[PDB]
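Chains A and B, in that order, give the protein sequences.
Numbered per PDB author numbering, the first sequence spans residues 222 to 260, 260A, 261 to 275.
Okay, so the second sequence: first residue is 2 according to PDB author numbering, each after it adds one.
Beta carbons are placed, not taken as given, at the ideal position from N, Cα and C, and that holds for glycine.
This report refers to the structure that appears directly beneath it.
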Amino acid sequence: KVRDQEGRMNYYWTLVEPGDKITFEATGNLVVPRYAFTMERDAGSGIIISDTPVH
Amino acid sequence: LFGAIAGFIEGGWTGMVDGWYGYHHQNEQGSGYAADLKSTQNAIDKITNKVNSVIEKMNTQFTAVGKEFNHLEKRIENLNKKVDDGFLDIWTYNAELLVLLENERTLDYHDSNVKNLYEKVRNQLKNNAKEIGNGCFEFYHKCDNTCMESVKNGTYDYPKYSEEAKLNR
């Protein structure tokens, strides 16, 4: 039991290119997307784990 | 090490703030400190260039040091730790040794400048003056303010006071 849940939920992600398509087929056990994120990405950066305030 | 600063000139001057090296003159009209404009300016420019070379030659790129690895990638995490520590070690050693060597170079540069100034004055005066030992010359003739600013400029006139110096020797 985690959070009073015996079952589990795996989460998957994918990136769809311009012009491509994503197809979902399901007899059951599927948590469908409701919101997708249109993104254009930069060169690259990091993630900072700190409690320092933001100014 | 050219044996000037702490060598045959065993002290520095605190009343001389207009330069790094120069002269102290005592004649009948007065006494005073004066900087050597040429040597001071050249030294200032050279040291400025030195500092700029040490600082600005370091090129950097946008980096994101720090990555996140889950428990099943303890080998890539260790490799990343190795990359980081190796760089840290290299840069520490390089920085410390560069500063240690460059400080030496700067101090001997200043010593060389003082010695060269002393040599220039000595070769200008020749036997018209005498060396007392602490970096000073006692004139066998009478050097007024004009003669002194001639010495501090490189335009001394040995065959103008040669006869008087010979008489007073």
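Can you check which of these residues, the options, is closest to residue i by C-alpha distance?
i        : options                                : result
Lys82/B  : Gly67/B, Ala96/B, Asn95/B, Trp92/B     : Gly67/B
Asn129/B : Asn114/B, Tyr94/B, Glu150/B, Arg170/B  : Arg170/B
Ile45/B  : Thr64/B, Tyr22/B, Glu74/B              : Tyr22/B
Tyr232/A : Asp225/A, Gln226/A, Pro254/A           : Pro254/A
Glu120/B : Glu78/B, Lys153/B, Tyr94/B, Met17/B    : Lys153/B
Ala257/A : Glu227/A, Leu236/A, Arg224/A           : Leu236/A
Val52/B  : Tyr34/B, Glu103/B, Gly12/B             : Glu103/B
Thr107/B : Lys47/B, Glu57/B, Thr15/B, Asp90/B     : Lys47/B
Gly33/B  : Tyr159/B, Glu11/B, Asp145/B            : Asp145/B
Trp234/A : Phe245/A, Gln226/A, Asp225/A, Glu227/A : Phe245/A
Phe9/B   : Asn124/B, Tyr159/B, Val55/B, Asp112/B  : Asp112/B
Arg229/A : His275/A, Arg261/A, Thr272/A, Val252/A : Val252/A
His142/B : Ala96/B, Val55/B, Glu164/B, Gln30/B    : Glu164/B
What does the Cβ neighbour count give for residue i, buried or exposed, with the cut at 16 atoms within 10 Å?
i        : result
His26/B  : buried
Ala247/A : exposed
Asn250/A : exposed
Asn114/B : buried
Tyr157/B : buried
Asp19/B  : exposed
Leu73/B  : exposed
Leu126/B : buried
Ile243/A : exposed
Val223/A : exposed
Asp37/B  : buried
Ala166/B : buried
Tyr159/B : exposed
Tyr162/B : buried
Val100/B : exposed
Tell me the DSSP bridge mates of residue i?
i        : result
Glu132/B : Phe138/B
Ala36/B  : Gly23/B
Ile6/B   : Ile10/B
- Query: Are at least three pairs of beta-carbons, each pair with one atom in the region 23 to 39 of chain B and one in the region 143 to 151 of chain B, less than 8 Å apart?
  - Reply: yes
- Message: Quick test of the definition: if touching needs 3 or more C-beta pairs under 8 Å, does the region 3 to 12 of chain B touch the region 132 to 147 of chain B?
- Response: yes
- Query: Is it a yes or a no for the region 262 to 273 of chain A touching the region 52 to 68 of chain B, going by three-plus beta-carbon pairs under 8 Å?
  - Reply: yes
- Query: With a cut-off of 8 Å, do at least 3 Cβ pairs link the region 77 to 92 of chain B to the region 34 to 51 of chain B?
  - Reply: no
- Item | Inside the region 65 to 149 of chain B only - beta strand (DSSP E) runs reaching at least 3 residues | 130 to 132, 138 to 140
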